[PDB]
Amino acid sequence: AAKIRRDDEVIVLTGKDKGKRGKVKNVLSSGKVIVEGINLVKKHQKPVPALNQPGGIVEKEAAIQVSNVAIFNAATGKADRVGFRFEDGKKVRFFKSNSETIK
Amino acid sequence: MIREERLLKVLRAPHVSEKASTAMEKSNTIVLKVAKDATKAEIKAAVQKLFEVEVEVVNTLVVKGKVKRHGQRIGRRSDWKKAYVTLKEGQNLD
Amino acid sequence: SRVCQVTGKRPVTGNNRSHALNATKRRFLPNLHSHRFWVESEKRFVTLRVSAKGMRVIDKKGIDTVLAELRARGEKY
Amino acid sequence: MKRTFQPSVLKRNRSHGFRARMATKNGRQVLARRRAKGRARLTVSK
Amino acid sequence: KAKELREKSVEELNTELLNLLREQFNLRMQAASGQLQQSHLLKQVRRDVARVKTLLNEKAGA
RNA sequence: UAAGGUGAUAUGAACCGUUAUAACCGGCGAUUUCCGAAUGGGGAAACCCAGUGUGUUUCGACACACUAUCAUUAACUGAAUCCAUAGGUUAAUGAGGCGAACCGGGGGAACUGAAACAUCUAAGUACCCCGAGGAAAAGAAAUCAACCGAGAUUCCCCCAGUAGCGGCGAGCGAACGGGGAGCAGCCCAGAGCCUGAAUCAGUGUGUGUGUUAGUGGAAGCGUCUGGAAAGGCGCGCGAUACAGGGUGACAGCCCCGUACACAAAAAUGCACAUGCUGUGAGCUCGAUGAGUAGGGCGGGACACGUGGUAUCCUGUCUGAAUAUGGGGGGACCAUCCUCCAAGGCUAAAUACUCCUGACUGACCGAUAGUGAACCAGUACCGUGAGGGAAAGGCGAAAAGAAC
RNA sequence: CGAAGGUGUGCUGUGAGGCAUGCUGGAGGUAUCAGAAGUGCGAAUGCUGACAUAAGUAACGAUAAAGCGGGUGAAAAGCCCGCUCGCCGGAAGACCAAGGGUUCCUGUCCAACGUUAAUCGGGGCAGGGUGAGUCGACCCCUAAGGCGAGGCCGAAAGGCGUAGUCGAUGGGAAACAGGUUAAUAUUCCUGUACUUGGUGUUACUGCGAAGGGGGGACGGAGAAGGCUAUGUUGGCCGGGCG
RNA sequence: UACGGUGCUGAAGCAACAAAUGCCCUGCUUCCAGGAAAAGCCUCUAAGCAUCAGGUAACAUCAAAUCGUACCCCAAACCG
Ligand SMILES: [Mg+2]
Ligand SMILES: [Mg+2]
Ligand SMILES: [Mg+2]
Ligand SMILES: [Mg+2]
Ligand SMILES: [Mg+2]
Ligand SMILES: [Mg+2]
Ligand SMILES: [Mg+2]
Ligand SMILES: [Mg+2]
Ligand SMILES: [Mg+2]
Ligand SMILES: [Mg+2]
Ligand SMILES: [Mg+2]
Ligand SMILES: [Mg+2]
Ligand SMILES: [Mg+2]
Ligand SMILES: [Mg+2]
Ligand SMILES: [Mg+2]
Ligand SMILES: [Mg+2]
Ligand SMILES: [Mg+2]
Ligand SMILES: [Mg+2]
Ligand SMILES: [Mg+2]
Ligand SMILES: [Mg+2]
Ligand SMILES: [Mg+2]
Ligand SMILES: [Mg+2]
Ligand SMILES: [Mg+2]
Ligand SMILES: [Mg+2]
Ligand SMILES: [Mg+2]
Ligand SMILES: [Mg+2]
Ligand SMILES: [Mg+2]
Ligand SMILES: [Mg+2]
Ligand SMILES: [Mg+2]
Ligand SMILES: [Mg+2]
Ligand SMILES: [Mg+2]
Ligand SMILES: [Mg+2]
Ligand SMILES: [Mg+2]
Ligand SMILES: [Mg+2]
Ligand SMILES: [Mg+2]
Ligand SMILES: [Mg+2]
Ligand SMILES: [Mg+2]
Ligand SMILES: [Mg+2]
Ligand SMILES: [Mg+2]
Ligand SMILES: [Mg+2]
Ligand SMILES: [Mg+2]
Ligand SMILES: [Mg+2]
Ligand SMILES: [Mg+2]
Ligand SMILES: [Mg+2]
Ligand SMILES: [Mg+2]
Ligand SMILES: [Mg+2]
Ligand SMILES: [Mg+2]
Ligand SMILES: [Mg+2]
Ligand SMILES: [Mg+2]
Ligand SMILES: [Mg+2]
Ligand SMILES: [Mg+2]
Ligand SMILES: [Mg+2]
Ligand SMILES: [Mg+2]
Ligand SMILES: [Mg+2]
Ligand SMILES: [Mg+2]
Ligand SMILES: [Mg+2]
Ligand SMILES: [Mg+2]
Ligand SMILES: [Mg+2]
Ligand SMILES: [Mg+2]
Ligand SMILES: [Mg+2]
Ligand SMILES: [Mg+2]
Ligand SMILES: [Mg+2]
Ligand SMILES: [Mg+2]
Ligand SMILES: [Mg+2]
Ligand SMILES: [Mg+2]
Ligand SMILES: [Mg+2]
């Protein structure tokens, strides 16, 4: 009964990237998602001789709260909250605006 | 006759060591880590079947586990059993 | 154990009271005696550690009545 | 000087060990107190 | 494999159980050295021995 | 139930899964080493050593089952000793051990108070011991009352700090009666007559109601400040949902929930219903609990310390009547009233919380609150019983500082 | 657009106090009028924590003793190697039991630990190491003693004890020499033995116990005699001619 | 020659004397204070067994498990 899932396209509601969009890359068990290309941090990656990493300032994506994102409704061009209904005996997601089934 | 199911659970691992390399080339003796409740007859029956090699004698000893400290928490490794298995002459094993 | 087998008497506890009413705890032992009772039906003697009150009971009820009670109580004799 | 603790494992286990506690009634009450307190080492016995 | 092994006899499960345990031995000596580089096979065989041992107690004595 | 998983420190590795046996949750199962009542014998717990039987053997040996003690019953056996009995051997069933408090019983202090102290008090308290149940205990008048009557037991409020008890000191302290909670009565001491008739127990089934996973669950944007908006200022919207929590600062409308609406393949509680098994129901005529009541002596219990002391219990010695009879009505007697001991059973109101769920607090906020917010009954101390700590907070996010 | 708290300043009240504000702090605080208190600390040889003081003072644990060269190293009085010196030698050497439990060996590290430094260590970290038919235990046997079916006794708990069953510190089969590992050896290897059980043939034929007997099986002191361990000297062999 | 070592080769290997608190000796002598137990081991028969079982004798074969074994141990490792 998770509203935001893996291949979903979301928009960001709060934080330093209020308004940007992206695809969720993975959702974490702690109630966080990593959305592709948004919450960028610059990690000072320490070199390891074994494992062959040269070590640099790697810029990568940090997790963000699921509460901070909503599924982008590409029809209206906005964010919509997600409801659940049963269609053909199968639980599907739909947008709370305009009642259209999320696919 | 030792049952065939138990003989697969007797042997744990070969033990690599400087002493193990010496005993293999001089006295022609392999060094095995065995199960703790395994006796000498169970090891001799297992090596003669699972490795297909002729065992002359098996000497065993129990290795007491060391006491280590991970961080600041004390801990103790497991007691394990060690077997010097002397193969008969001409026999060879990897 | 100081227990009459017939009547079930038992050492109870009380007080020695002095003239100045000083109370020290004492015991009241029952007047137990081991006695061989002739059972006429079974034609043998049965020893019972019995008080003198219980010997008055055996003289009144009869040894057959009392040994019925001791088996119904579940007591060896 | 000769101090008051002269150890002997045989005498340690016959006097304070597990089966010496379980033998008598009061020793069984000792193990019930240590379980109620929640001791890691319930007796002397290794 | 609970559906597949259930459609076997007592002697076939006993044959299969003896073939799993040889594989468990052969993985363990391989993992004793640094040769085994698929660590999940130790868990898969160990789970599959448990499925065979489960069905033997069902078909026999139950 | 699911798109994500392979518990935590704790990354990584190798993998699994994405429409359904990946994982996860619940029900019933399976496995369940060794020690421990430990139960085959032993033992310095987690070890040592067997016996018997049925199986396997590549004859080297393996695997499995059983074997404690006691009680009861049954079978068989069986002395001195003829029968017999004791004893013996099997078999079956049961018990054993643990656990916080509450309960009943067997034992039972002292410090203390008395401004000392011995009677007394503390107090049938602490403690020890035994036994039991979800409650136990008590319980269906040989009870009160006062010439009117009440109608088993237990509990609460009164009566009343009264009447009394007491080195008449310190203290101890009712009952009758009244108001409530709760209410229920029965059976054997025995025969018949009618025969399965009441009720209860056990075991099924069926139905309802729970419990043990779950499902749906409303409605917000703009702008300003700011690292970040849930804040400010606008403008809306939901509400049988403004309980609560989380989200980068304070969110009804972002998230999780909440109100409300539902949901169980399987197991199970409780109700009913009913089947079966066992149990007797009703009527009549009887019968009506003896080493007992009472007494002497010594103690104990009753608020009642032997006092003028009734009543209750019994260690000891005695010892009735027995319904035309007996017990009680606070020495005792008479009259009158009331009741029927020496056989039993019984729900409710009552007591408690190791434990589970939900919620609450003019309760605490890390020297507090549990000893313990943290790998705490740990470290440590002690031969041992036993004693017993200290120690919370980077940030919104490790972006935990490449070079 | 900066709460509590912290730290200043200014002002104000008769006092306990109050108000405003700078800085720090970075998220709570709370008028008024009522209500309730774990409501105010300098003392209790108070309790807990932190920090002073004496004071960079006493001391640095046997008066068996050191000196130098070389090495390693960031650094050497202390480590390693070498040559001298000194000390023990019925121990300050060697082997165990008891007890401890990895302190053993090797690599690596020097923060803490070591009464100084430390490259060193019984310190940290990682790896390695304990091999048995004969050693020891287990086991067979019992002592003192413990437990103890029944039993006897006791308010309960329990006490004592028979048959039994435990319990060594004593009784009971057998392995030595040489070699070897960084670390084990009567355990490994080489050589040469030994003991007790199984089964199996062959010859032989009174076997049989929970019973009977023998043996095991026993003190103190003293006296010699015979030896050996071991030592000294000679011989012998090898080296030496200062 | 990793200066630690490792490999190879190898003479003589006798006698006398002294000599224990060790061994014969669990002896011997002597004294009074009068000096464990049980099994292994040896032997005797009881019921039993009757040409079978068992007994010892030789030979062959098999078995001898399990646990301990490092290190200090008059000490820097044990009790202080
Ligand atoms: Mg060998
Ligand atoms: Mg060994
Ligand atoms: Mg008194
Ligand atoms: Mg992980
Ligand atoms: Mg046992
Ligand atoms: Mg036992
Ligand atoms: Mg035994
Ligand atoms: Mg007193
Ligand atoms: Mg007083
Ligand atoms: Mg009751
Ligand atoms: Mg009337
Ligand atoms: Mg839901
Ligand atoms: Mg919702
Ligand atoms: Mg949010
Ligand atoms: Mg903030
Ligand atoms: Mg009667
Ligand atoms: Mg009557
Ligand atoms: Mg009376
Ligand atoms: Mg009377
Ligand atoms: Mg009287
Ligand atoms: Mg009297
Ligand atoms: Mg009387
Ligand atoms: Mg009655
Ligand atoms: Mg605290
Ligand atoms: Mg604090
Ligand atoms: Mg504390
Ligand atoms: Mg200790
Ligand atoms: Mg500021
Ligand atoms: Mg506050
Ligand atoms: Mg301030
Ligand atoms: Mg401030
Ligand atoms: Mg807050
Ligand atoms: Mg205060
Ligand atoms: Mg202060
Ligand atoms: Mg003061
Ligand atoms: Mg003070
Ligand atoms: Mg000081
Ligand atoms: Mg100073
Ligand atoms: Mg000075
Ligand atoms: Mg000075
Ligand atoms: Mg000085
Ligand atoms: Mg000095
Ligand atoms: Mg130098
Ligand atoms: Mg020096
Ligand atoms: Mg030197
Ligand atoms: Mg260490
Ligand atoms: Mg060392
Ligand atoms: Mg080192
Ligand atoms: Mg330094
Ligand atoms: Mg230092
Ligand atoms: Mg070290
Ligand atoms: Mg030996
Ligand atoms: Mg004895
Ligand atoms: Mg007994
Ligand atoms: Mg005894
Ligand atoms: Mg014995
Ligand atoms: Mg010994
Ligand atoms: Mg011995
Ligand atoms: Mg050594
Ligand atoms: Mg004899
Ligand atoms: Mg002598
Ligand atoms: Mg000589
Ligand atoms: Mg010269
Ligand atoms: Mg050694
Ligand atoms: Mg020494
Ligand atoms: Mg010393």
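Residues numbered from 1 in each chain as written, not as in the entry; some residues may be left out. Chains lettered and ligands numbered in written order. Part of a larger assembly, values for the part shown. Heavy atoms only, no water.

The deposited coordinates for this entry were obtained by cryo-EM, with a reported resolution of 2.9 Å.

Across its full length, chain A holds zero helices and ten strands. Sequence-ordered secondary structure for chain A, helices as α and strands as β, is β-β-β-β-β-β-β-β-β-β. Computed over its C-alpha atoms, the radius of gyration of chain A comes to 17 Å, more than 25% above the 13 Å expected for a compact globule of 103 residues. For chain A, the spread of C-alpha atoms along the three principal axes comes to 55 × 30 × 20 Å. In chain A, which comprises 103 residues, the share counted as buried stands at 26%. A sequence separation of at least 24 residues applies to 37% of the contacts in chain A between residues at least 6 apart. When the accessible surface of chain A is split by element, carbon and sulfur atoms take 52% of a total near 7,200 Å². Taking the 22 positively charged and 11 negatively charged side chains of chain A as two groups, their mean positions are separated by 6 Å. (Helix = DSSP H or I, 4+ residues; strand = E, 2+ residues; numbered from the N terminus. Rg over C-alpha atoms; globule rule 2.2 N^0.38 Å. Buried < 20%, exposed > 50% of the residue type's maximum accessible area, 1.4 Å probe, protein only. Contact = heavy atoms within 4.5 Å. Areas by Shrake-Rupley, 256 points an atom, 1.4 Å probe, with all protein chains shown as cover. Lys, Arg positive; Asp, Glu negative; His and termini not counted. Charge placed at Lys NZ, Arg CZ, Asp CG, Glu CD.)

Within chain B one finds three helices and six strands. Sequence-ordered secondary structure for chain B, helices as α and strands as β, is α-β-α-β-α-β-β-β-β. For chain B, the spread of C-alpha atoms along the principal axes amounts to about 50 × 35 × 20 Å. Looking at chain B residue by residue over its 94 residues, the buried ones come to 34%. In chain B, 59% of the contacts between residues at least 6 apart in sequence involve partners at least 24 apart. Here chain B has roughly 6,400 Å² of accessible surface; of this, 48% comes from carbon and sulfur atoms. Measuring between centres, the 21 positive side-chain charges of chain B sit 12 Å from its 12 negative side-chain charges.

With that out of the way, let us pick up the protein's contact with RNA strand F. Taken together, 90 residues surround RNA strand F, and among them A:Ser67, A:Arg81, C:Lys9, D:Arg19 and D:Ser45 come closest. What you see for RNA strand F is that sugar and phosphate hold 68% of its atoms within 4 Å of the protein. Taking A:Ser67, its side chain carries an N or O atom lying 2.3 Å from a base oxygen of RNA strand F. One nitrogen or oxygen atom from the side chain of D:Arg19 is found 2.3 Å from a phosphate oxygen belonging to RNA strand F. Per-element accounting of the surface near RNA strand F gives the leading share, seven residues, to helix α3 (residues 25-37) of chain D. Residues of the surface near RNA strand F, tallied by class, amount to 26 nonpolar, 27 polar and 37 charged. (Near = heavy atom within 4 Å. Polar contact = N/O pair within 3.5 Å; in protein donor to acceptor, adjacent residues only side chain to side chain. Nonpolar A, V, L, I, M, F, W, Y, C, P; charged D, E, K, R; others polar.)

On the chain E side, the residues contacting the ten residues of chain B number nine residues. Taken together, the two surfaces of chain B and chain E that pack against each other cover about 860 Å², and 69% of this comes from carbon and sulfur. Where chain B touches chain E, the interface holds one salt bridge. The partner of B:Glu5 in a salt bridge is E:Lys53, and the shortest N-O contact between them spans 3.5 Å. Looking at the side of chain B that touches chain E, the elements with two or more residues in it are α1 (4-7) and β1 (11-14) of chain B. With four residues, β1(B) is the single largest residue contributor to the side of chain B that touches chain E. Per-class residue counts for the side of chain B that touches chain E are six nonpolar, no polar and four charged. (Buried area = accessible area lost by both parts, 1.4 Å probe. Salt bridge = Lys/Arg side-chain N within 4 Å of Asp/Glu carboxyl O.)

Here the focus is the protein's contact with RNA strand H. For RNA strand H, the full set of nearby residues is B:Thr39, B:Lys40, B:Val62, B:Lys64, B:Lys81, D:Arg3, D:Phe5, D:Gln6 and D:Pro7. The contact atoms of RNA strand H, taken as those within 4 Å of the protein, divide so that sugar and phosphate hold 100%. Contact between RNA strand H and D:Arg3: a sugar or linking oxygen at 3.1 Å from a side-chain N or O atom of the residue. D:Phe5 has a polar backbone atom sitting 2.6 Å from a sugar or linking oxygen of RNA strand H. Here the surface near RNA strand H is composed, by residue class, of three nonpolar, two polar and four charged.

For α3(D), built from 13 residues, the straight-helix expectation of 18 Å at 1.5 Å per residue is met to within 8% by its first-to-last C-alpha distance of 19 Å. Where α3(D) ends, the next residue or the one after it, D:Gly38, has phi of about 95 degrees, a positive value. (Expected span 1.5 Å × (residues − 1).)

Now for the pattern of salt bridges. Counted according to the given criterion, the structure contains 15 salt bridges over all chains. Taking the shortest distance from any N to any O, the salt bridge between B:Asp79 and B:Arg76 comes out at 2.6 Å. What makes B:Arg76 exposed here is its relative accessible area of 51%. Residues joined by salt bridges that share partners form a network here, namely B:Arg3, B:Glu5 and E:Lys53.

We now examine the arrangement of the chains. Here chain A and chain B are not in contact; the least distance found between their C-alpha atoms is 23 Å. No interface is formed between chain A and chain D, the nearest pair of C-alpha atoms being 35 Å apart.

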